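See structure below.
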């Protein structure tokens, strides 16, 4: 089997991408944020505290003839930005782009933190990291990909995120028309539960490539590119007037600037992020200070190849017995 679904930016900045997901019988379609940095499929629901729902579409398990309470199971998750959610668990039929999993754990939110309530465009998350990170207790549950894997034509999914435009998540096949050149594959460590890999270096604009190992995670659920402070300083030094602002929370730059590209290495291959992908617009409405799309990871504990990086590539998440990642230009 295979599946193929379009993923759409939630706003004009590509802050996140939403993909329609069919849950239950008859189908209830929710727009979920596919997140290769976490491993829970959770949704706004008829159980979510009413004051914490503001425009999201909800899953109502009582209206699904295939929903079953997973007795005793609860979940609770905290994300890197300090947001969180928690609740109980149903199993139900879940389909993405024509690919159907029966008995998928659908984590129903009883509580969500304010950042989720305040974003009416995201109805929940669909985790695509390794199932060892799933938070369901006392019986950990598998991700949608883990459940689908054995049925797929090939045990892979691909992320093809658009710049200010829709893109595609495919399951079970590699669309050879969706990228240019060849796909370069690189080793993955699953020891922390992430799609963790080592970039071979970087370049700023037309500058020389610096060969240096940068360990980080491929994370479709993170907007920006978070890299070591040395790398980030080298990038922003090429933008006149750019500076790190403690009050704003990162590097800002004059909105009048033209940004240089940023290249990252994948083995001997190179992925080029155009400068425009690094512009996240005014820090507040009407400001002439703009927020940068490359930021320091120093306060995180891990480097994160978020959407800024991934949207410059066609990315293969190869879930074979020994997982690997593939990157191609497009």
Exercise. Which ordering of 107, 47 is given by a fewest-first count of other beta-carbon atoms within 10 Å?
Worked result: 47, 107
Problem set entry | Kirkwood hydrodynamic radius of region 5-174, from inverse mean 1/r over distinct Cα pairs, in Å | 15.9 Å
Exercise. To the nearest µm²/s, what D does Stokes-Einstein give for the chain at 37 °C and 0.692 mPa s, using the Kirkwood radius over alpha carbon pairs as Rh?
Worked result: 162 µm²/s
Exercise. Expressed in nm to one decimal, what extension gain is obtained for the pair residue 191 and residue 50 from 0.36 nm per residue of sequence separation less their Cα-Cα distance?
Worked result: 46.9 nm
Exercise. Efficiency by 1/(1 + (r/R0)^6): what FRET value for residue 276 and residue 212, r their Cβ-Cβ distance, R0 = 41 Å, to the nearest 0.05?
Worked result: 0.95
Exercise. Counting other C-beta atoms within 10 Å, which of 68, 210 has the fewest, and how do the rest follow?
Worked result: 68, 210
Exercise. Highest GNM mean-square fluctuation, the chain, Cα pairs closer than 10 Å: which of 226, 17, 163?
Worked result: 163
Exercise. Can you give the three extents of the C-alpha atoms in region 189-262 along their principal axes, from longest to shortest, in whole Å?
Worked result: 42, 31, 18
For this session: State the extension gain, in nm to one decimal, for the chain segment bounded by residue 13 and residue 320, taking 0.36 nm per residue of separation less the distance between their alpha-carbons.
Result: 107.1 nm
Exercise. Can you give the FRET efficiency for residue 240 and residue 74, using 1/(1 + (r/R0)^6), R0 = 35 Å, r = Cβ-Cβ distance, to the nearest 0.05?
Worked result: 0.10
Problem set entry | For region 175-330: span of alpha carbons on each principal axis (Å, largest first) | 49, 31, 29
Exercise. Nearest-5 percent of antiparallel DSSP beta bridges in region 175-330?
Worked result: 85 percent
Problem set entry | 255, 290 arranged by Cβ crowding within 10 Å, fewest neighbours leading | 255, 290
Seminar exercise, completed: Label model pair residue 60, residue 151: point-to-point distance (7 angstrom along the Cα→beta-carbon line) in nm is 2.6 nm
For this session: Please identify which residues in region 306-330 have an amide N closer than 14 Å to a label point set 7 Å out from the Cα of residue 175, following the Cα→Cβ vector.
Result: 313-316, 330
Problem set entry | Mean ellipticity per residue at 222 nm, deg cm²/dmol - from DSSP H runs of n ≥ 4 across the chain, formula -39500 (n - 2.57) | -1500 deg cm²/dmol
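Every read-out reported here was derived from the displayed coordinates using simple, explicitly stated rules and does not represent laboratory data. Don't worry about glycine lacking a Cβ; one is built from the backbone with ideal geometry, like all the others, and counts go over all protein chains shown.
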